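Coordinates as given in work18.cif (mmCIF, C-alpha atoms and all ligand atoms):
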```
data_run
loop_
_atom_site.label_atom_id
_atom_site.label_comp_id
_atom_site.auth_asym_id
_atom_site.auth_seq_id
_atom_site.Cartn_x
_atom_site.Cartn_y
_atom_site.Cartn_z
CA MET A 1 -18.35 1.37 -11.43
CA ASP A 2 -20.16 2.72 -8.47
CA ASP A 3 -18.43 0.66 -5.80
CA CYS A 4 -15.03 1.74 -7.12
CA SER A 5 -15.90 5.37 -6.25
CA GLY A 6 -15.79 7.01 -2.82
CA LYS A 7 -13.65 4.36 -1.12
CA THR A 8 -11.14 6.81 0.21
CA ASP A 9 -10.92 6.07 3.98
CA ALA A 10 -7.30 5.97 5.11
CA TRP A 11 -8.12 4.20 8.36
CA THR A 12 -9.75 1.32 6.47
CA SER A 13 -6.70 1.23 4.19
CA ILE A 14 -4.16 1.21 7.05
CA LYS A 15 -5.95 -1.64 8.84
CA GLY A 16 -6.68 -3.87 5.84
CA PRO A 17 -7.76 -7.27 7.18
CA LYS A 18 -5.54 -6.59 10.27
CA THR A 19 -3.26 -9.53 9.43
CA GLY A 20 -0.47 -9.94 6.89
CA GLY A 21 0.76 -6.82 5.15
CA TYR A 22 0.86 -5.03 1.80
CA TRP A 23 3.33 -5.10 -1.09
CA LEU A 24 3.82 -2.25 -3.52
CA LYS A 25 2.88 -4.00 -6.78
CA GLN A 26 3.11 -1.14 -9.33
CA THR A 27 4.14 2.51 -9.23
CA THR A 28 4.60 5.38 -11.60
CA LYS A 29 8.03 6.01 -9.86
CA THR A 30 11.11 4.73 -11.62
CA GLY A 31 13.92 3.14 -9.64
CA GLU A 32 11.63 2.14 -6.78
CA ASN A 33 13.07 -0.33 -4.33
CA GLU A 34 12.02 -3.94 -5.19
CA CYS A 35 9.77 -5.71 -2.67
CA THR A 36 8.70 -2.51 -0.95
CA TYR A 37 6.22 -3.45 1.78
CA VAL A 38 4.29 -2.14 4.77
CA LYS A 39 2.73 -4.06 7.64
CA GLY A 40 0.38 -2.64 10.22
CA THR A 41 0.04 -4.02 13.74
CA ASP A 42 -1.62 -2.99 16.99
CA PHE A 43 -4.49 -1.09 15.45
CA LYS A 44 -5.95 1.57 17.76
CA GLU A 45 -9.50 2.61 16.92
CA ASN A 46 -9.45 5.41 19.52
CA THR A 47 -6.73 7.30 17.68
CA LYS A 48 -6.94 5.75 14.19
CA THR A 49 -3.27 4.87 14.46
CA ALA A 50 -1.25 1.70 13.93
CA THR A 51 2.28 0.55 14.41
CA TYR A 52 3.76 0.41 10.87
CA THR A 53 6.78 -1.68 9.84
CA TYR A 54 8.13 -1.05 6.34
CA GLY A 55 11.03 -1.69 4.07
CA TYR A 56 12.21 -3.29 0.88
CA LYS A 57 14.72 -5.83 -0.40
CA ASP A 58 18.40 -4.84 0.08
CA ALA A 59 21.31 -5.78 -2.24
CA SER A 60 21.77 -9.22 -0.72
CA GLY A 61 18.07 -10.12 -1.01
CA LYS A 62 16.88 -9.58 2.63
CA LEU A 63 14.09 -7.25 3.64
CA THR A 64 14.96 -4.10 5.51
CA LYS A 65 12.80 -3.13 8.50
CA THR A 66 11.91 0.22 10.06
CA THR A 67 9.08 0.65 12.53
CA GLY A 68 7.04 3.78 13.13
CA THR A 69 3.42 4.86 13.17
CA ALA A 70 0.70 5.25 10.53
CA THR A 71 -1.97 7.85 11.33
CA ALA A 72 -5.25 8.20 9.43
CA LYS A 73 -6.29 11.76 8.51
CA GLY A 74 -9.46 11.38 6.47
CA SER A 75 -8.25 10.24 3.03
CA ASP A 76 -4.62 10.51 4.04
CA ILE A 77 -2.17 7.93 5.45
CA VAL A 78 0.65 9.74 7.33
CA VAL A 79 3.88 8.02 8.32
CA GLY A 80 6.54 10.43 9.59
CA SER A 81 7.04 13.17 6.95
CA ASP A 82 5.27 11.16 4.27
CA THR A 83 1.61 11.53 3.33
CA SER A 84 -0.27 9.30 0.88
CA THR A 85 -3.82 9.96 -0.27
CA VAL A 86 -6.14 7.02 -0.71
CA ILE A 87 -7.82 6.85 -4.10
CA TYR A 88 -9.37 3.44 -3.57
CA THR A 89 -9.31 0.84 -0.84
CA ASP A 90 -11.37 -2.26 -0.06
CA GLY A 91 -9.73 -2.73 3.35
CA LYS A 92 -9.13 -6.38 2.39
CA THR A 93 -7.04 -7.02 -0.72
CA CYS A 94 -5.56 -3.87 -2.22
CA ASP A 95 -5.28 -0.10 -2.34
CA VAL A 96 -4.59 2.67 -4.82
CA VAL A 97 -2.85 5.70 -3.32
CA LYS A 98 -1.08 8.83 -4.48
CA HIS A 99 2.22 9.70 -2.87
CA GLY A 100 4.41 12.64 -3.96
CA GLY A 101 2.79 12.95 -7.44
CA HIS A 102 3.10 9.19 -7.98
CA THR A 103 0.32 6.66 -8.29
CA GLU A 104 0.78 3.32 -6.43
CA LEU A 105 -1.00 -0.01 -6.40
CA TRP A 106 -0.59 -1.95 -3.16
CA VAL A 107 -1.72 -5.58 -2.80
CA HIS A 108 -2.27 -7.60 0.37
CA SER A 109 0.15 -10.46 1.00
CA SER A 110 -2.74 -12.92 0.51
CA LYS A 111 -3.26 -11.73 -3.08
CA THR A 112 0.30 -11.40 -4.52
CA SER A 113 -0.66 -13.87 -7.28
CA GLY A 114 -3.77 -11.94 -8.34
CA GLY A 115 -7.42 -12.04 -7.54
CA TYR A 116 -7.78 -8.83 -5.61
CA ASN A 117 -10.60 -6.30 -6.10
CA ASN A 118 -10.89 -5.16 -9.71
CA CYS A 119 -11.48 -1.59 -8.51
CA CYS A 120 -7.80 -1.43 -7.68
CA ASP A 121 -6.79 -2.11 -11.27
CA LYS A 122 -9.51 0.28 -12.55
CA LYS A 123 -8.48 3.15 -10.26
CA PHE A 124 -4.77 2.54 -10.67
CA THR A 125 -5.12 2.70 -14.46
CA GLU A 126 -7.35 5.77 -14.27
CA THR A 127 -5.18 7.64 -11.81
CA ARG A 128 -1.80 6.99 -13.42
CA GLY A 129 -3.25 7.94 -16.80
CA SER A 130 -0.55 8.23 -19.42
CA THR A 131 2.30 7.80 -16.91
CA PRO A 132 3.74 4.29 -17.37
CA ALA A 133 3.50 1.74 -14.58
CA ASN A 134 6.60 -0.01 -13.19
CA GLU A 135 6.47 -3.40 -11.46
CA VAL A 136 7.94 -3.54 -7.96
CA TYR A 137 6.98 -6.96 -6.48
CA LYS A 138 9.31 -9.46 -8.08
CA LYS A 139 11.36 -12.21 -6.36
CA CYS A 140 10.26 -11.25 -2.82
CA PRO A 141 10.76 -12.93 0.59
CA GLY A 142 7.59 -13.60 2.60
CA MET A 143 5.99 -10.84 4.62
CA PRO A 144 7.66 -10.14 7.98
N1 LIG A 201 -3.11 -0.91 3.02
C1 LIG A 201 -2.35 0.37 3.00
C2 LIG A 201 -1.04 0.18 2.25
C3 LIG A 201 -0.20 1.44 2.23
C4 LIG A 201 0.18 2.16 1.18
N2 LIG A 201 0.94 3.22 1.60
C5 LIG A 201 1.00 3.09 2.93
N3 LIG A 201 0.32 2.04 3.33
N1 LIG A 202 2.25 7.74 3.45
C1 LIG A 202 2.91 6.52 3.81
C2 LIG A 202 4.14 6.36 2.92
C3 LIG A 202 4.94 5.10 3.28
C4 LIG A 202 5.02 3.93 2.62
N2 LIG A 202 5.87 3.11 3.25
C5 LIG A 202 6.32 3.77 4.34
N3 LIG A 202 5.75 5.00 4.37
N1 LIG A 203 9.60 6.90 -0.15
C1 LIG A 203 9.38 6.23 1.16
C2 LIG A 203 7.86 6.10 1.44
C3 LIG A 203 7.18 5.37 0.30
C4 LIG A 203 6.13 5.78 -0.45
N2 LIG A 203 5.86 4.82 -1.34
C5 LIG A 203 6.74 3.86 -1.16
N3 LIG A 203 7.55 4.18 -0.13
#
```
What is this file in structure tokens?
Ligand SMILES: NCCc1c[nH]cn1
Ligand SMILES: NCCc1c[nH]cn1
Ligand SMILES: NCCc1c[nH]cn1
Amino acid sequence: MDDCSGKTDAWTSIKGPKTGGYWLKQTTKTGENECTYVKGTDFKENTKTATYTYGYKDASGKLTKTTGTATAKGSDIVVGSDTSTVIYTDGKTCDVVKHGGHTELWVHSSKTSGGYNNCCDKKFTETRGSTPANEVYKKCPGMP
């Protein structure tokens, strides 16, 4: 599917629709933290950087919060020591990225119940291949 190919721009991915945030829906990693999320704010076109707040649900059921910076480097999203490479993004509803050998499907907070771009499911399935997927978004609080 032509429009599912070549959608690898990290800056577009970081920004999304510039409101809400993204939840990690599925990952090839086992033991991932439930309700892992990221949320970009204060998008700077000059530098292709954004403030990035991220975390996950702690033992008591509240979201953790750490704030740093996301920097676009071509296909790559860099936050601190961590780099993720964009496999597919629509800049609106979802992304597929690779981080540290793992394949991840991220979904915008507006689309947690489904109805995001099919290219995300296609590219997630393709990229993970035979590595099983693990669900991460379960009984999550709303997006900070
Ligand atoms: N919309 C980009 C979501 C993401 C995944 N990894 C880091 N950020
Ligand atoms: N490459 C961005 C990895 C990440 C996800 N969440 C926080 N950092
Ligand atoms: N491991 C912290 C960064 C990250 C990547 N994917 C999810 N979170």
### Query
Could you work out how far atom CA of residue A:133 lies from atom CA of residue A:71, giving the answer in Å with one decimal?
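Here the two named atoms are 27.2 Å from each other.
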### Neighbour list for residue A:139 as a list in words, cut-off 12 Å, all atoms listed in the file, skip fewer than 4 positions in-chain
residues 23, 25, 34, 35, 36, 56, 57, 61, 62, 63, 112 and 135 of chain A
### Message
Show me which residues line ligand LIG 202 (chain A), defined as having an atom within 6 Å of a ligand atom where only C-alpha atoms and all ligand atoms count, and present them as number ranges by chain.
### Response
A: 38, 54, 77-79, 82-84
### Query
In Å, how far is it from atom CA of residue A:72 to atom CA of residue A:88?
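It comes out at 14.4 Å.
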How big is the axis-aligned box around the listed atoms of stretch 104-116 of chain A once 5 Å is added on each side, and where is its centre? Give both in Å to one decimal, as AutoDock Vina command-line options.
```
--center_x -3.5 --center_y -5.3 --center_z -3.7 --size_x 18.6 --size_y 27.2 --size_z 19.3
```
### Query
So which one's closest to ligand LIG 201 (chain A), A:111, A:29, A:92, A:44? Using all atoms listed in the file, please.
A:92
### Message
as a list in words, please: the residues near residue A:7 (cut-off 12 Å, all atoms listed in the file, same-chain neighbours under 4 positions excluded).
### Response
residues 1, 2, 3, 11, 12, 13, 74, 75, 85, 86, 87, 88, 89, 90, 91, 94, 95, 96, 97, 119, 120 and 123 of chain A
Store the residues picked out above, limited to C-alpha atoms, as an mmCIF file, in the frame of the given file.
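And here's out_34.cif as it stands now:
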```cif
data_model
loop_
_atom_site.group_PDB
_atom_site.id
_atom_site.type_symbol
_atom_site.label_atom_id
_atom_site.label_comp_id
_atom_site.auth_asym_id
_atom_site.auth_seq_id
_atom_site.Cartn_x
_atom_site.Cartn_y
_atom_site.Cartn_z
ATOM 1 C CA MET A 1 -18.350 1.370 -11.430
ATOM 2 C CA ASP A 2 -20.160 2.720 -8.470
ATOM 3 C CA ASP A 3 -18.430 0.660 -5.800
ATOM 4 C CA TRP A 11 -8.120 4.200 8.360
ATOM 5 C CA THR A 12 -9.750 1.320 6.470
ATOM 6 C CA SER A 13 -6.700 1.230 4.190
ATOM 7 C CA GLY A 74 -9.460 11.380 6.470
ATOM 8 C CA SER A 75 -8.250 10.240 3.030
ATOM 9 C CA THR A 85 -3.820 9.960 -0.270
ATOM 10 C CA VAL A 86 -6.140 7.020 -0.710
ATOM 11 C CA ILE A 87 -7.820 6.850 -4.100
ATOM 12 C CA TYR A 88 -9.370 3.440 -3.570
ATOM 13 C CA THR A 89 -9.310 0.840 -0.840
ATOM 14 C CA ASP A 90 -11.370 -2.260 -0.060
ATOM 15 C CA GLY A 91 -9.730 -2.730 3.350
ATOM 16 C CA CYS A 94 -5.560 -3.870 -2.220
ATOM 17 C CA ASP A 95 -5.280 -0.100 -2.340
ATOM 18 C CA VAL A 96 -4.590 2.670 -4.820
ATOM 19 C CA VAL A 97 -2.850 5.700 -3.320
ATOM 20 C CA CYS A 119 -11.480 -1.590 -8.510
ATOM 21 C CA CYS A 120 -7.800 -1.430 -7.680
ATOM 22 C CA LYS A 123 -8.480 3.150 -10.260
#
```
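Across A:37, A:137, A:124, A:43, the tightest approach to ligand LIG 201 (chain A) is made by A:37 when counting all atoms listed in the file.
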### Message
Between A:19, A:143, A:93, A:101, which residue has the minimum interatomic distance to ligand LIG 203 (chain A), considering only C-alpha atoms and all ligand atoms?
### Response
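Checking each of A:19, A:143, A:93, A:101 against ligand LIG 203 (chain A), counting only C-alpha atoms and all ligand atoms, the winner is A:101.
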### Query
Do you have the atom CA of residue A:65-atom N3 of ligand LIG 201 (chain A) distance handy?
14.5 Å
### Best match for closeness to residue A:102 among A:33, A:67, A:127, A:40, counting all atoms listed in the file
A:127
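Using only C-alpha atoms, the shortest contact distance between residue A:17 and any of A:55, A:39, A:68, A:144 is found at A:39.
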## Note on the structure
Counting only C-alpha atoms, closest pick from A:125, A:47, A:8, A:64 relative to residue A:105 is A:125
